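Heads up: the protein sequence lines correspond to chains A, R, U, G, L and P, in order.
According to the numbering used here, the residues represented by the first sequence are 2 to 133, in order.
According to the numbering used here, the residues represented by the second sequence are 2 to 133, in order.
According to the numbering used here, the residues represented by the third sequence are 2 to 133, in order.
According to the numbering used here, the residues represented by the fourth sequence are 2 to 133, in order.
According to the numbering used here, the residues represented by the fifth sequence are 231 to 658, in order.
According to the numbering used here, the residues represented by the sixth sequence are 16 to 441, in order.
Virtual Cβ for every residue (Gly too), placed ideally from N, Cα, C.
A short worksheet on the structure shown next.
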Amino acid sequence: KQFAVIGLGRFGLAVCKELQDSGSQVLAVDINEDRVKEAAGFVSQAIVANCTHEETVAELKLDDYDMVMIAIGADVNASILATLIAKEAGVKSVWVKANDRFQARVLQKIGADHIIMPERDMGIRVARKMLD
Amino acid sequence: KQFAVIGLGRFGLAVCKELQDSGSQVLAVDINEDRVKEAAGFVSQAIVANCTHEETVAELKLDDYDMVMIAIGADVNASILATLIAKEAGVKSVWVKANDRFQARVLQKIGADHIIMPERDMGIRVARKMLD
Amino acid sequence: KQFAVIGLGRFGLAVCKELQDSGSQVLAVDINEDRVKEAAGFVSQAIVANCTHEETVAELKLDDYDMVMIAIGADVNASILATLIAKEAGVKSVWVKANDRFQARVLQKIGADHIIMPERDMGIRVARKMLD
Amino acid sequence: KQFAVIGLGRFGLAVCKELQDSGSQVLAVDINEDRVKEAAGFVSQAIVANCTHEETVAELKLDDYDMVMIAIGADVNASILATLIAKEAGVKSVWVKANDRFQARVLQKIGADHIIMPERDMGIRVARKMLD
Amino acid sequence: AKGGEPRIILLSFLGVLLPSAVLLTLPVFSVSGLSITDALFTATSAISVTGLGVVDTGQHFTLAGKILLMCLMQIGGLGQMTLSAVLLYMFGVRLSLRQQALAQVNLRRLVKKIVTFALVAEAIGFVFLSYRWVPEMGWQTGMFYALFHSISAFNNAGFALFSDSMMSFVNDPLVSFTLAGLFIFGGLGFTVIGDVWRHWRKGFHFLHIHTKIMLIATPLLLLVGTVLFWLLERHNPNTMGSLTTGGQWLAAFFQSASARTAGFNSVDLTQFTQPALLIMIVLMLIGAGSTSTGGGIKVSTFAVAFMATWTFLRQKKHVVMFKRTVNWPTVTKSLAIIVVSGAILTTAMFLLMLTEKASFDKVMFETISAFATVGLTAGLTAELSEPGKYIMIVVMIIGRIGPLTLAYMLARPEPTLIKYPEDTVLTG
Amino acid sequence: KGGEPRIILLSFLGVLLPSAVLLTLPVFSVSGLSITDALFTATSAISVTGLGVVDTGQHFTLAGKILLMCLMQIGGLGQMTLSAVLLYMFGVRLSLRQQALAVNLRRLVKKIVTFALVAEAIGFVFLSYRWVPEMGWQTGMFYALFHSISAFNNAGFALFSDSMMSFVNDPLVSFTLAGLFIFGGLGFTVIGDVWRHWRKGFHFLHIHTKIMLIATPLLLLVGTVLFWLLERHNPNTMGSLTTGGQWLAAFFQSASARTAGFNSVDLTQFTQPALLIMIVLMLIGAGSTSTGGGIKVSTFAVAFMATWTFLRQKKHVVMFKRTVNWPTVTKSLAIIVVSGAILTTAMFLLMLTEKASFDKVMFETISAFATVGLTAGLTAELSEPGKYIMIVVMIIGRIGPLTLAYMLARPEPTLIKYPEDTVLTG
Ligand SMILES: Nc1ncnc2c1ncn2[C@@H]1O[C@H](COP(=O)(O)OP(=O)(O)O)[C@@H](O)[C@H]1O
Ligand SMILES: Nc1ncnc2c1ncn2[C@@H]1O[C@H](COP(=O)(O)OP(=O)(O)O)[C@@H](O)[C@H]1O
Ligand SMILES: Nc1ncnc2c1ncn2[C@@H]1O[C@H](COP(=O)(O)OP(=O)(O)O)[C@@H](O)[C@H]1O
Ligand SMILES: Nc1ncnc2c1ncn2[C@@H]1O[C@H](COP(=O)(O)OP(=O)(O)O)[C@@H](O)[C@H]1O
Ligand SMILES: [K+]
Ligand SMILES: [K+]
Ligand SMILES: [Mg+2]
Ligand SMILES: [Mg+2]
Ligand SMILES: [Mg+2]
Ligand SMILES: [Mg+2]
């Protein structure tokens, strides 16, 4: 029912649009104001915040949210650090998007429940669509 | 007749100066403000705008102008993007300058009506000129 | 005591924050106005200047200050030039940060009084700390 | 007795300094105002002008000068065109500084009376100094 | 993507102006009842804390009416400081997050400190004013006058319960200094109070540049005004010639302080020398601090323009204050505010001369006081005509929110996709 | 730093002190001028303010008036020529800088003088056609030449006891003089741009030319309508005139306020709502590179358009489809603010030295700073310190705007910059 999406890039905004279509509350948060405005018309609540800030994550009660998606791609260090902060925040289910195999290794060990690699994961499915 | 010329390099400013000298109103658009200033002296209206931006092109109202000339030379990506946006904006006649035979074929697929190769066409013209 | 710190990166701002916390008045000089702003918060006086320029260094009156710390790390050419100009200005004691052994030897030949290699000196300190 | 120096880089400023110290009239001309101001103290008359402009060269009575030194190095076209304009202006002796061998060939074919290549000529000079 | 601070500022004022206007018409608050224009004028004067009065505050209003008046000028003065600090906080939050995208306490604690600072400041002024009026006027009446005037003084309102506002206490240092301290700190600005409160141990050198400007320009504005008023009015029998040597300095200092938005008067400005009215017009225009209970164009705006002018006359590339460069957008903001304020002021003075007939000095002084929110009268408000009241209401509204609103318009202009070529226009 | 400020001041003081020392000689005055009076007259003539401590027609001899034509001719024409010359050098340096990163002056000066002589000759012919029949073939020609020179140079010096108050109902002389300081105050840049590029059309004129050619008719029309509306029922100035006479007088004051300084009515008996309008008109003044003064119409236009841009929260100041660069807006606002500061100081000093109402002192200060020279009855009773303050204000007013504009153009380069910090405004 209630979801949170951190990082509103091309991947993160795509999650927000589909989540709203199924009638679910989505908290879209992004450091960049422009990207938050784009998702403002597609989510229940759009907030400009830095999710690397520990106190900011405390205020945004992410432990209440059923699932939290971290969709930060360019800065590998932010996604790793935001994943950790969400874990101490009490988030039971943490989904993290990783662009590299080395990042996906770190995220697995630090405790991410689901690691998403869009290029590798889309590669497998597109092959399956080609086969059938 | 009203013409819009996008890109104010050596080719674009020559088309504007020739078009305006014949009594036609020309709109000169470029991202480089220096060349927009240089054209603004003799061009009916000169605007500093990014024509690959689809919302910007709607503001320019390129659908009103009879012919749109896109004279972006170095940036091929910007050339195809501007041709695509102009076609999607409902421009009846789009003339595009192409620096290569591969770019010209892509522009033909996009929907450009007349494609000019400055080096090849001028080569043919001078070859005819020397003969006669 | 009056100190002058040139270059406000990690080492330069750490030296300034320590010197000012110890009750000493420090001058912070950097070409990057962005980094001069954080220093100006806690530094007695912060100046945006280029310290490879002889006239600029004469304007700074670095000969007044007891010690001049040059903490230009990435640009070795700027570090050498700043040390040379400071010595030619007439400053009694020059401390220079060097990230290379060859740069340290060149600075010794120039006339630097104390040369700090942060990586190697920190390695020695850490080894001594682990031993005891 | 009376000389003109066009281009006030490191080479041309040295020419002006030696010529004036020897006791002669030197018209120092450079398009850049900073270098003209730098050479203003030394030379008899320092003028900010573009010597590629034909009418400016006509106004500056370069045909009255015994020798004209063209010391433009970075833009080869500027040096070639300045040499052509000076030769058309009636200057009997034109000395041109060239940085490359192709530029030297072009200047020789144009009609420059003396072509100066500082690196090769000092190469020979310092070789002779080393020998004796 | 244009800023919405301008819209919050106006909606907030009108969201309280209209409810305040309708309440004043009820006969519960007035012994005789106020007409629509009079209630609109009185509400605007109270909400803007201008203090201009079409009717006498002490006599025309009832006991309930004065209690309503305290609520309005507490909403108008502390409310602007609370709102301006709140909007300043959100501006910093947006600016801070913008920096992190490219490469401090919460709001509730800030609002609590602002209200706490207000009530403690009024309470300190309350006991000092009670110390003198309770013996003269009794217990129940004495505390009311102390509370009304301490609230009025801190909020830079200038509303008085006496027929002649503080003209009987020209030679009373305790009343004059208690009131003087109230609107000086009430008009100083919370950012100045906050910066001094948290970083006084570091020293003056490490205070914020805005705090240093307000801590230096205010004493000079007080000192220059005190000396200038004393020099120009020492020989005037009608205003200051009949007072003792100490009484003249106490009166000169009081009007020097009250001009910067409070609006109280130990003497009569109706009988002031013209060179003294011109000095006070400049003082009213400068006003109080940026994030305070009152103000005109504000001291920091005048200070930036004052040193921008000094920079321009000396042909220096940058405007410097306390070894800090004032960026060109800030300089343009300060100059634009003065130019725009003069444009509205000139239009307002021209309209006043048409609606009602009076001399230019009387009209100009009244227009500045209404625009600068000072509320000092030179006799025009007493005979103000019906159309003149409408102009004053508009000027009072624009003067109260104009400098703050125009600053935020300059901060966040609407982004555009079409730019026209830059061309030069000859000036000078 | 630029030396344009220094050329502007030295040039004025290098004609004021000689002009002053000459005015003391009894050859030019029937009774002789005191050092204060001679200095005031020299400042009023060289700055072409037109303010008079003594009557021009009576107190000066035949040789004195010839000097006065020379003095105001030098003031107006030489200021226009110097402004054009400095603008030409500024453009030359800018062009050479642009080439470094990536007409003739003698011909220009010839065109400036010939345009002035042609305009003054036309005005002289039109004035002679009216005065020679009633004044003679010698005296009428002299009056025509004097008044044409004064009108073109935006000086306002008159040979009559009442400056053109006897010709309030005469349309020929009123329109002749009006056309002379409108064209004299338009600016030679505008005249040249119209002369060389009128066939191209209004659309292709320079932005400054368009601003002048639009605002000057708008300013004239607004002033005329406002003066007619505010003074139609005033018996002492315009109530006694006919319907055509009232409009002619209103148009003449609307035009003369922009630096000329002639008066077909009495400003001493003007309604205050009309003195405020005329103060606003005087402050705006004539065109930039012209014989007139004021903050100049282009400066007022950029500030008016910048204000509209700020009230609409637009990113750029746009005028005639052209962006006005932020340094230009800053120059205009700084000129207005500095002018206001000096004006306030001057009014305060006048109020200290002289005892008069605020409207009279403010009007006189605005007229002297703007070089309009319109008097509201206070100049006749000027004291010695008042005369000194007026002289200083006339000097700073004449050269202050252009000088401050050029200081903002070329500040001294620096090697030390302090960190940027924010200051709260509003
Ligand atoms: N600390 C952070 N807190 C919140 N959002 C962040 C943070 N760091 C990055 N983001 C956002 O995460 C999104 C991921 O975008 P990314 O793929 O990294 O870059 P790009 O937008 O260039 O493709 C961006 O919209 C970015 O603004
Ligand atoms: N996205 C764009 N929108 C508008 N104009 C553009 C864009 N990209 C490039 N241009 C302009 O097109 C012009 C032609 O490009 P180029 O061929 O590099 O210059 P030239 O023809 O002088 O060699 C350039 O001056 C450039 O400013
Ligand atoms: N000529 C110069 N004068 C003054 N400061 C300089 C000069 N050149 C570089 N600096 C500054 O010196 C510092 C050197 O630190 P650097 O190694 O570049 O960064 P960091 O230590 O943060 O990784 C930087 O702040 C740099 O901008
Ligand atoms: N058209 C021109 N007319 C006059 N001077 C010129 C022209 N073009 C270049 N110059 C000057 O000639 C000088 C020589 O340039 P260059 O050999 O590159 O010296 P540097 O490497 O020190 O810049 C330059 O400083 C430039 O200012
Ligand atoms: K008040
Ligand atoms: K005049
Ligand atoms: Mg992305
Ligand atoms: Mg091209
Ligand atoms: Mg470092
Ligand atoms: Mg060189």
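### Query
How long is the line joining the alpha carbons of residue 434(P) and residue 554(L), rounded to whole angstroms?
5 Å
### Task
Give the interface partners of residue 100(G) over in chain P, defined as CB-CB distance under 8 Å, in chain order.
Those do not exist, as residue 100(G) stays about 19 Å from chain P at its closest Cβ, beyond 8 Å.
### Query
Can the beta-carbon of residue 411(L) be found less than 8 Å from the beta-carbon of residue 380(L)?
no
### Task
Confirm, please, whether the CB-CB distance from residue 378(P) to residue 391(P) is below 8 Å.
yes
### Message
I'd like to confirm the pairing. Which residues does DSSP put opposite residue 65(G) in its beta bridges?
### Response
Looking at the DSSP assignment, residue 65(G) forms no beta bridge with any residue, so it has no partner.
### Query
Anyone know if the C-beta pair for residue 31(A) and residue 49(A) falls short of 8 Å?
yes
#### Entry: For residue 620(L), the nearest candidate out of 333(L), 271(L) and 239(L) (CA to CA)
271(L)
### Message
Between residue 115(R) and chain L, is any beta-carbon pair separated by less than 8 Å?
### Response
no
### Task
Output, in sequence order along the chain, the residues in the stretch 612–641 of chain L whose CB is closer than 7 Å to any CB in chain P.
633, 634, 636, 637, 639 and 640
### Query
Regarding residue 200(P) and ligand 6, is the C-beta to nearest heavy atom distance less than 7 Å?
no
### Query
Going by alpha carbons, who is nearest to residue 136(G) out of 59(G), 36(G), 55(G) and 40(G)?
Lying outside 2 to 133, the shown extent of chain G, residue 136(G) is not represented and no answer is given.
### Task
Report all residues from its chain with a CB closer than 7 Å to the CB of residue 108(A); omit the five preceding and five following residues, and keep chain order.
81, 84, 97, 99 and 116
#### Entry: Where residue 57(R) meets chain L, residues with beta-carbon distance less than 9 Å
647 and 648
### Message
Would the stretch 443–460 of chain L count as touching the stretch 417–427 of chain L if we require 3 or more Cβ pairs under 8 Å?
### Response
yes
### Secondary structure of residue 331(P), DSSP reduced to three states
coil
### Message
Distance cutoff 8 Å, beta carbons only. Does residue 553(L) sit that close to anything in chain U?
### Response
yes
### Message
Residues of the stretch 95–123 of chain P in Cβ contact with chain G at a cutoff of 8 Å, in chain order, please.
### Response
108, 111, 112, 114 and 115
### Query
chain P beta carbons: is any one of them nearer than 8 Å to that of residue 46(R)?
yes
### Message
Determine whether the beta carbon atoms of residue 7(G) and residue 73(G) lie at a separation below 8 Å.
### Response
yes
#### Entry: Beta-carbon proximity list for residue 3(U), same chain, < 6 Å, skipping 5 on both sides
26, 66 and 67
### Task
Alpha carbon to alpha carbon, how far is residue 34(R) from residue 376(P)? Give it in angstroms, no decimals.
49 Å
### Query
What are the complete alpha helix (DSSP H) segments, minimum 4 residues, inside the stretch 539–602 of chain L?
558–585 and 590–602
#### Entry: Where residue 140(P) falls, given that 16 or more other Cβ within 10 Å makes a residue buried
exposed
### Message
Residues in the same chain with beta-carbon distance under 8 Å from residue 59(R), minus the five sequence neighbours each way, listed in chain order, please.
### Response
90
### Message
Going by the DSSP bridge assignment, what does residue 427(P) pair with across the sheet?
### Response
546(L)
#### Entry: Helix, strand or coil at residue 512(L) according to DSSP, with G and I counted as helix
helix
### Query
Near residue 324(P), what residues of its chain come up, given a Cβ to Cβ distance below 6 Å and the 5 sequence neighbours on each side ignored?
332
### Query
alpha helix (DSSP H) containing residue 604(L): first to last residue?
Run containing residue 604(L): none; DSSP gives neither H nor E here.
### Query
chain P partners of residue 49(U), CB-CB under 8 Å?
431, 432, 433 and 434
### Query
If you measure from each residue's Cβ to the nearest non-hydrogen atom of ligand 10, which ones come out under 7 Å, in chain order?
10(G), 11(G), 12(G) and 74(G)
### Query
Does any CB atom of chain P fall closer than 8 Å to the CB of residue 520(L)?
yes
### Query
Is residue 427(L) buried or exposed, if buried means 16 or more other CB atoms sit within 10 Å of its CB?
exposed
#### Entry: Member of 513(L), 259(L) and 632(L) whose CA lies at the smallest distance from the CA of residue 453(L)
513(L)
### Task
List the residues that DSSP assigns as beta-bridge partners of residue 435(P).
555(L)
### Message
By DSSP's criteria, residue 28(R) is part of a beta bridge. Which residues make up the other side?
### Response
5(R) and 46(R)
### Task
Could you give the DSSP three-state label for residue 73(A): helix, strand or coil?
coil
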